[PDB]
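Those protein sequence lines, which keep their order, are chains B and A. When we follow the authors' numbering, the leftmost residue of the first sequence carries the number 194, and every step to the right adds one. When we follow the authors' numbering, the leftmost residue of the second sequence carries the number 194, and every step to the right adds one. Note that the Cβ used here is the ideal one computed from N, Cα and C, for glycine as well. Shown next, in structure tokens, is the structure this report addresses.
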Amino acid sequence: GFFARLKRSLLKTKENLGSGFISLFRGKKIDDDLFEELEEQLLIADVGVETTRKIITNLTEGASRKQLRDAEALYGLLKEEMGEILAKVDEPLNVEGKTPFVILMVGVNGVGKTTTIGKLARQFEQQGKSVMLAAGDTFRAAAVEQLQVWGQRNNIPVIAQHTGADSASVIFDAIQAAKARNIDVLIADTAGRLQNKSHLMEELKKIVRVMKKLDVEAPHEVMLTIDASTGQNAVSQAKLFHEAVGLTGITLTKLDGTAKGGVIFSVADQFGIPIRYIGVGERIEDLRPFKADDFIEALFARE
Amino acid sequence: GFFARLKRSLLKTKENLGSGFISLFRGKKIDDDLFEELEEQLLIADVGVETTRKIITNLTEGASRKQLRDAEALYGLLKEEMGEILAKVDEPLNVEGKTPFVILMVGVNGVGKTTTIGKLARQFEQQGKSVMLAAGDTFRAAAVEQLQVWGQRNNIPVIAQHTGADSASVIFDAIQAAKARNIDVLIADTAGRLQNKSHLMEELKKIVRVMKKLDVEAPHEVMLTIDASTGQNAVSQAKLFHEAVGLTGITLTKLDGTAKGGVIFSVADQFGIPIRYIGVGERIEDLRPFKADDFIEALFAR
Ligand SMILES: Nc1nc2c(ncn2[C@@H]2O[C@H](COP(=O)(O)OP(=O)(O)OP(=O)(O)O)[C@@H](OP(=O)(O)OP(=O)(O)O)[C@H]2O)c(=O)[nH]1
Ligand SMILES: Nc1nc2c(ncn2[C@@H]2O[C@H](COP(=O)(O)OP(=O)(O)OP(=O)(O)O)[C@@H](OP(=O)(O)OP(=O)(O)O)[C@H]2O)c(=O)[nH]1
């Protein structure tokens, strides 16, 4: 769905990756120099050191068994190698059948986490589910009020406490109120300060502990939001949160507005954590369920 | 396919748009007066305020960097500018490989929903797919009876219940019967009264929720049917349905018999929702897959 808009949103990434490789292979023979030029181009596009070597090695071996001499035929092999990486993390989120389904949202500030919560909320509401938000980012007084106003405007209940309250208590109350009110989906926001890395990770563990007192299956999803325009910073952030709490899903925002599109391959390859959604714009449908076949087609389409 | 017929069917729109711009540019120089005359002509045709101002803006910018002086050289730039709007929403519906593929048809009464469902159902049958309909407009008994009669004539199963039944229950039963009978495509009609006591948007949300208890992928398509004759009312309807349920597709009916063909440009620019089908007549093949390149060629042909 919205395939054309996904192609348009990858325009800047497509200068270097996917269809941006056609110019490199044009009128050329398969020589080590092309593989070395291909290798710079992937590294420039933020595909990542380990992921690039795997692509170059698999491409090189792949073109040898198939006796290819023309560089243009590498395009097909490159498309399937990079689709293979993304296909391993294609697994859309299913939030049905729980009372409530609890989504704990983790990430650093500025990556677009609250924006992501808002769009998910609206999308779930469009499907006939009731939704409830927990303002677990308790020390940022402004953000908490922004969120409550947004709930008012959108008829979505937002559970909150005074500034500086315990994050686990707020989220504890939200689960109580959500079970009482027959909510299908609870989404909890969290703090995004990694300045003291030990403090946030310990806070997030306290939240999960408290949640398990109420439902031993909660959180049903631990989801990370990372920003594709921060390059390898997203890779690093994913590593910290995965080790500390155990991510079950990733949302990658802002693929529009960046020539750094390779980062999706790097997070897909290093971690194998299902990528649930990609953000490609400011519309609610811009938060799209990630499908690897469509992404690869949009990226490699020959405009 | 049927390009000649698509052209004839646009003939009333072509007086103002496309080939109807040839007269405005004939023997004229590029000046503010021409751009102002072009702007009003687009507005008279229902192209839309925002969309017309994007057209006039790029078209002014493009003619300056290229240093154009003759007005009849704007025809080519205008063709391209308008074809770019429509190319962003060119994306045909593909209903293959599901068991069943579920289409949810939404829209207000009178726009052509039931006719659209009938032609789609026939076209899918011609392609060797099996089709089933759900009569989800429960309160309208005469429509429920006519759809059942249409099914018997066309050998297409129709799932219905008693007058006033729960639409979400009718839809639930149709998805179960489609699964038991290996149906490839299930098309669900819905109520179309925007009166508040009807509670249509809540009714539509309940349908989608019931669908997900049986297949979390359903509905595979949420398609709005709107009418080109309604002018901006079609844009207003698109906004109401899109905010409430989320549209994945748009069928624009009744391009024939209207000089307001600008609505297709307005809907395309404002929403970016793919236009799966265009209705240009009373025949089965007059519900056509929308292809932007052909549409622009027929609109701008001499
Ligand atoms: N282009 C694009 N932008 C996105 C996307 N997702 C989020 N953003 C932007 O990311 C910025 C930060 O969003 P938040 O959700 O507030 O970020 P977080 O800090 O993670 O949340 P927090 O509130 O701290 O929990 C906002 O821009 P500002 O509010 O700063 O700008 P503008 O003023 O122009 O709207 C969003 O518009 C996306 O998919 N595409
Ligand atoms: N010219 C043209 N007409 C179309 C097209 N699509 C639909 N129509 C007509 O628009 C009218 C709407 O018919 P319906 O399908 O009942 O529309 P909706 O009311 O939206 O469906 P609903 O039944 O409420 O779900 C019908 O004419 P009447 O109701 O007057 O006929 P008559 O009344 O004699 O049939 C159709 O023939 C089209 O592409 N081109």
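Return yes when at least one heavy atom of ligand 2 lies under 6 Å from the C-beta of residue i, else no.
i: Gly474(A); result: yes
i: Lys306(A); result: yes
i: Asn426(A); result: no
i: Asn302(A); result: yes
i: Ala336(A); result: yes
i: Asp366(A); result: no
i: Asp382(A); result: yes
Helix, strand or coil, according to DSSP, for residue i in the structure here?
i: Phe483(B); result: coil
i: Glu414(B); result: strand
i: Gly472(A); result: strand
i: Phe365(A); result: helix
i: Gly276(B); result: helix
i: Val288(B); result: coil
i: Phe332(A); result: coil
i: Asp382(A); result: strand
i: residue 170(A); result: Given that chain A is displayed from residue 194 to residue 495, the structure contains no residue 170(A) and the question cannot be resolved.
i: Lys322(A); result: coil
i: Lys432(A); result: helix
i: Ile237(B); result: helix
i: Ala421(A); result: helix
i: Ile376(B); result: coil
i: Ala494(B); result: coil
i: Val295(B); result: strand
i: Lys259(B); result: coil
i: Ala327(A); result: strand
i: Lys405(B); result: helix
i: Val337(A); result: helix
i: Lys447(B); result: coil
i: residue 499(B); result: Residue numbering for chain B in the displayed model covers 194 to 496; residue 499(B) lies beyond these limits and cannot be assessed.
Say yes only if the C-beta of residue i is nearer than 6 Å to one or more non-hydrogen atoms of ligand 1, and no if none qualify.
i: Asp449(B); result: yes
i: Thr331(B); result: no
i: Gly194(A); result: no
i: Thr446(B); result: yes
i: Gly454(B); result: no
i: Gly385(B); result: yes
Who are the neighbours of residue i on chain A, taking C-beta pairs under 8 Å?
i: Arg198(B); result: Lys281, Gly465
i: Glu289(B); result: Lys405, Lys406, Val409
i: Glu273(B); result: Chain A residues near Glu273(B): none, gap ~21 Å exceeds 8 Å.
In chain B, what lies closer than 7 Å to residue i by C-beta?
i: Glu284(A); result: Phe196, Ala197
i: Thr441(A); result: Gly194
Quick one: measure Cβ to Cβ for residue i and residue j, integer angstroms, because I've assumed they're closer than 8 Å.
i: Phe488(A); j: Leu279(A); result: 6 Å
i: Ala370(B); j: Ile352(B); result: 6 Å
i: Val288(A); j: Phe317(A); result: 7 Å
i: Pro293(A); j: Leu379(A); result: 4 Å
i: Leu448(B); j: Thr206(B); result: 7 Å
i: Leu297(B); j: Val415(B); result: 5 Å
i: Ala327(B); j: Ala367(B); result: 4 Å
i: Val304(B); j: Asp420(B); result: 4 Å
i: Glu274(A); j: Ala452(A); result: Incorrect: roughly 21 Å between the Cβ atoms, too far for contact.
i: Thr418(A); j: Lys291(A); result: Rounded, the Cβ-Cβ distance is 21 Å, inconsistent with contact.
i: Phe483(A); j: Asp283(A); result: 7 Å
i: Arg481(A); j: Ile466(A); result: In fact, because the Cβ distance is near 18 Å, the residues do not count as touching under 8 Å.
Interface residues of chain A around residue i at Cβ under 9 Å?
i: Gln316(B); result: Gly439
For residue i, return the contacting residues in chain A, with the cut-off set at a CB-CB distance below 7 Å.
i: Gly321(B); result: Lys398, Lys399, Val401, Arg402
i: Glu414(B); result: None at all; the shortest Cβ gap to chain A is about 15 Å.
i: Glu490(B); result: Those within 7 Å of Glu490(B) in chain A number zero; the least Cβ separation is about 12 Å.
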